[PDB]
Amino acid sequence: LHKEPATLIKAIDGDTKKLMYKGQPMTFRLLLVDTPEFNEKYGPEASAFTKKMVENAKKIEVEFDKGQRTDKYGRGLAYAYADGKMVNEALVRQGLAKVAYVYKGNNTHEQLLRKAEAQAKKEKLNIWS
Ligand SMILES: Cc1cn([C@H]2C[C@H](OP(=O)(O)O)[C@@H](COP(=O)(O)O)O2)c(=O)[nH]c1=O
Ligand SMILES: [Ca+2]
């Protein structure tokens, strides 16, 4: 897998954001995770966490997996990095997302993220509290 450039256009919520990618605006949905909706418990906190992570970053990159690069809604499906740190993993490690939506062929980082979930759950963090 390969990291590619993108720039932040706007934070949206815990697991979606609007990024400019190859010079075109796109909504990106984070692979392999599910944050609570803004309306739900921890929803606000997930949204804030992702917003802070991406807005503070000097360099945003997206990394596509081996499988489908856009979902049925036209959202990009990617792992997103903020100054080298994966947003997907960071949300899970903080208990602000669950590992979810693990589809065959877009699951390169599955085990990495499950390891982070186990640690967040062991620490009883946020969703796991
Ligand atoms: C994360 C992800 C979501 N999706 C689709 C599945 C769900 O379809 P449905 O809308 O029919 O429930 C939806 C969940 O995304 P959200 O969690 O952003 O709502 O996005 C994919 O198809 N591939 C993916 O990798
Ligand atoms: Ca969600």
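Chain A residue numbers are taken from Swiss-Prot; in order, the displayed residues are 89-127, 134-223.
Method reported for this entry: X-ray crystallography, 1.8 Å.
For all residues, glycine too, the Cβ spot is worked out from N, Cα and C.
Some features that Swiss-Prot has for this protein:
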- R117: active site (ACT_SITE)
- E125: active site (ACT_SITE)
- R169: active site (ACT_SITE)
- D103, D122, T123: Ca(2+) binding site (BINDING)
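If you draw a 10 Å sphere around the CB of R169 (active site), it holds 16 other CB atoms from the protein chains shown. Each residue in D101, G102, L118, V121, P124, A140, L185, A191, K192, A194 lies on the same chain as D103, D122, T123 and has a C-beta within 8 Å of the C-beta centroid of that Ca(2+) site, without being one of the site residues. Listed in sequence order, the recorded positions among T123, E125, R169 whose CB lies under 6 angstroms from an atom of ligand 1 come out as none at all.
Classification of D122 (Ca(2+) binding site) by DSSP places it within a strand.
Across the fold, the C-alpha of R169 (active site) and the C-alpha of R117 (active site) stand 6 Å from each other. Checking the recorded positions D103, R117, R169 for a CB within less than 6 Å of any atom of ligand 2 leaves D103, listed in sequence order. Comparing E125 (active site) with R117 (active site), their Cα atoms are 13 Å apart once rounded. In sequence order, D103, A191, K192, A194, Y195 make up the list of same-chain residues 6 or more apart from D122 (Ca(2+) binding site) whose Cβ falls under 8 Å from its Cβ.
Remark: of the recorded positions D103, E125, the most isolated position is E125 (fewest other Cβ atoms within 10 Å of its Cβ).
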